[PDB]
């Protein structure tokens, strides 16, 4: 309802610390480096699902937009935009409403998010990044997923 307030509840409930935020903000340049490959993995994953591939069929110009929206969203987890504040919360809430409007649900987004976290965890291990960075990214992916699921709850109901 009030994005900034939902954000404070989500950072407390997922236990995302000042330390986590520092690890994310420090890894941001690396996040920016891997984002395009993450976008490609995600696109291919969605493409292999009959139901989710049907949903991704508005136009071809959609491919660029689907790649770019993903790259910016992914990088933003590392920077937090306004340090995981009001603008972050408003952007995450708008992301939630977009998915509810196109008729995608928990059966799509919860697994999709499991695949993102799995794919990022592979990149982290490839690059021999810290386990503390890996935990922090797990936390912020799950904040973002709560925003999407909460939007679906509020727009449904």
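Numbering follows the first chain given and starts at 1.
- 123-131 and 100-108 differ in mean CA B-factor, and the higher of the two is recorded for 123-131.
- Relative to one another, 32-40 and 90-98 have unequal mean CA B-factors, and 32-40 is the one with the higher figure.
- In the deposited entry, the Cα temperature factor of residue 46 sits in the middle third of values across the chain's modelled residues.
- In the PDB entry, a CA B factor belonging to the highest third of its chain's modelled residues is recorded for residue 19.
- Per the PDB record, residue ranking by Cα B-factor puts residue 7 in the lowest third of the chain.
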